[PDB]
Structure formats: structure tokens, C-alpha cells
Amino acid sequence: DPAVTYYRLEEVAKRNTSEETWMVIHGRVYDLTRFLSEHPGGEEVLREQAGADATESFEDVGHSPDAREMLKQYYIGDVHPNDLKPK
Ligand code: HEM
Ligand SMILES: [Mg+2]
Ligand SMILES: [Mg+2]
């Protein structure tokens with residue numbers, strides 16, 4: 001619990017603009033505000049899903065091992081349990 005700060009998806013949803021962009025990937029929240037400019041796939045696809053769980057798009061694109069490593073530096077917390085899928 002403790003080493004983990006939780007975020008309700010309703011809060012994540014509000015970080016959907018260039019000033020502060022967050023995104024959920026496999027139950028974890030990422031502050032990608034500084035990452036936007038450096039994303040090889042470009043900014044637009046990230047703006048389209050900012051504030052939301054983009055796990056499915058992330059996985060369908062087929063990101064590389066180094067892409068997944070890059071996620072870590074932007075990890076800020078976990079999705080609140082109330083917002084998680086039931087199974
Ligand atoms: C809205 C979610 C995301 C979408 C739709 C997306 C989409 C894409 C697309 C379309 C490409 C180019 C495909 C190709 O290599 O031919 C790409 C490449 C890449 N993306 Fe994303 N991306 C997303 C999130 C992220 C995140 C969170 C990171 C990590 C911080 C990331 C890191 C990369 C990197 C490093 C590449 C270069 C190719 C690779 O290493 O796999 N992307 N992305
Ligand atoms: Mg704040
Ligand atoms: Mg590695």
C-alpha cells in the first residue's frame with residue numbers, strides 16, 4: 001500500500017492537455033508531460049489518449065523492450081483499486 005500513491009481515473013482524466021499529460025498503462029499512472037516531444041510515434045497519438053488507460057493501443061502498436069524500459073522514469077503511481085476491472 002504505502003510505497004504506493006493511488007490515483008482515481010477521474011483525476012487522471014483531467015491531465016489531458018500539453019501543460020500536464022498523464023496516461024495509464026497496465027494499471028500504472030505515468031506523467032508523460034516531458035516525454036511528449038521525444039515520442040517516436042509523435043505527439044498526436046499521445047494527445048488522443050491523454051488522461052486515459054492506453055494499455056491496448058500501447059500493446060497493439062508493439063512497443064520494443066527499450067520502449068517499455070522508458071516507461072519507468074515516468075511512473076508516478078497506481079490506479080486506485082476502486083477503478084480497476086473486477087477480474
Ligand atoms: C497513446 C499510447 C501510445 C501510442 C498510441 C504509441 C504509438 C506509437 C507508434 C505508432 C510508434 C511507431 C511504430 C513503429 O515503431 O513503427 C511508437 C513508437 C515508440 N513509442 Fe509509442 N506510443 C504510445 C505510448 C508510448 C509510451 C508511454 C512510451 C514510453 C515512454 C512510448 C515509447 C515509444 C518508443 C521508444 C518508440 C520507438 C519504437 C520502439 O522502441 O518500440 N510510446 N509509439
Ligand atoms: Mg499537481
Ligand atoms: Mg533493458
# chains A, B, ... in the order shown; residues from 1 in each chain; ligands from 1

call {"tool": "select_by_dssp", "arguments": {"residues": "chain A", "states": "strand (DSSP E or B)", "output": "ChimeraX atom specification"}}
result
/A:6-7,16-17,20-25,28-31,53,75-79

call {"tool": "closest_atom_pairs", "arguments": {"of": "chain A", "to": "ligand 1", "cutoff": "12 Å", "atoms": "only C-alpha atoms and all ligand atoms", "output": "Markdown table"}}
result
| residue | atom | partner | partner_atom_place_in_ligand_line | distance |
| --- | --- | --- | --- | --- |
| A:16 | CA | ligand 1 | 1 (C) | 11.5 |
| A:21 | CA | ligand 1 | 27 (C) | 10.8 |
| A:22 | CA | ligand 1 | 27 (C) | 9.3 |
| A:23 | CA | ligand 1 | 27 (C) | 7.4 |
| A:24 | CA | ligand 1 | 27 (C) | 8.6 |
| A:25 | CA | ligand 1 | 27 (C) | 7.5 |
| A:26 | CA | ligand 1 | 27 (C) | 10.9 |
| A:28 | CA | ligand 1 | 27 (C) | 10.8 |
| A:29 | CA | ligand 1 | 27 (C) | 9.9 |
| A:30 | CA | ligand 1 | 27 (C) | 7.5 |
| A:31 | CA | ligand 1 | 27 (C) | 9.1 |
| A:32 | CA | ligand 1 | 27 (C) | 7.0 |
| A:33 | CA | ligand 1 | 30 (C) | 10.4 |
| A:34 | CA | ligand 1 | 30 (C) | 9.8 |
| A:35 | CA | ligand 1 | 30 (C) | 6.5 |
| A:36 | CA | ligand 1 | 30 (C) | 8.6 |
| A:37 | CA | ligand 1 | 30 (C) | 10.7 |
| A:38 | CA | ligand 1 | 35 (C) | 8.3 |
| A:39 | CA | ligand 1 | 33 (C) | 5.4 |
| A:40 | CA | ligand 1 | 19 (C) | 4.7 |
| A:41 | CA | ligand 1 | 11 (C) | 3.6 |
| A:42 | CA | ligand 1 | 8 (C) | 7.2 |
| A:43 | CA | ligand 1 | 6 (C) | 8.8 |
| A:44 | CA | ligand 1 | 1 (C) | 8.5 |
| A:45 | CA | ligand 1 | 5 (C) | 4.9 |
| A:46 | CA | ligand 1 | 1 (C) | 4.1 |
| A:47 | CA | ligand 1 | 1 (C) | 7.2 |
| A:48 | CA | ligand 1 | 1 (C) | 6.8 |
| A:49 | CA | ligand 1 | 1 (C) | 5.1 |
| A:50 | CA | ligand 1 | 1 (C) | 6.9 |
| A:51 | CA | ligand 1 | 1 (C) | 9.8 |
| A:52 | CA | ligand 1 | 1 (C) | 8.6 |
| A:53 | CA | ligand 1 | 1 (C) | 8.5 |
| A:54 | CA | ligand 1 | 2 (C) | 5.2 |
| A:55 | CA | ligand 1 | 2 (C) | 7.2 |
| A:56 | CA | ligand 1 | 2 (C) | 8.2 |
| A:57 | CA | ligand 1 | 5 (C) | 5.0 |
| A:58 | CA | ligand 1 | 3 (C) | 4.7 |
| A:59 | CA | ligand 1 | 3 (C) | 8.4 |
| A:60 | CA | ligand 1 | 5 (C) | 8.3 |
| A:61 | CA | ligand 1 | 10 (C) | 5.7 |
| A:62 | CA | ligand 1 | 41 (O) | 6.4 |
| A:63 | CA | ligand 1 | 41 (O) | 3.6 |
| A:64 | CA | ligand 1 | 41 (O) | 3.7 |
| A:65 | CA | ligand 1 | 40 (O) | 6.9 |
| A:66 | CA | ligand 1 | 40 (O) | 5.6 |
| A:67 | CA | ligand 1 | 35 (C) | 3.9 |
| A:68 | CA | ligand 1 | 29 (C) | 6.1 |
| A:69 | CA | ligand 1 | 29 (C) | 7.6 |
| A:70 | CA | ligand 1 | 30 (C) | 4.7 |
| A:71 | CA | ligand 1 | 30 (C) | 4.3 |
| A:72 | CA | ligand 1 | 30 (C) | 7.7 |
| A:73 | CA | ligand 1 | 30 (C) | 8.1 |
| A:74 | CA | ligand 1 | 30 (C) | 7.2 |
| A:75 | CA | ligand 1 | 30 (C) | 9.5 |

call {"tool": "residues_around", "arguments": {"residues": "residue 8 of chain A", "least_positions_apart": "4", "cutoff": "10 Å", "atoms": "only C-alpha atoms", "output": "PyMOL selection string"}}
result
chain A and resi 12-13+29+78-84

call {"tool": "select_by_dssp", "arguments": {"residues": "segment 44-83 of chain A", "states": "alpha helix (DSSP H)", "output": "NGL selection string"}}
result
:A and (44-48 or 55-61 or 65-71)

call {"tool": "closest_residue", "arguments": {"among": "A:2, A:76, A:27, A:9", "to": "ligand 2", "atoms": "only C-alpha atoms and all ligand atoms"}}
result
A:76
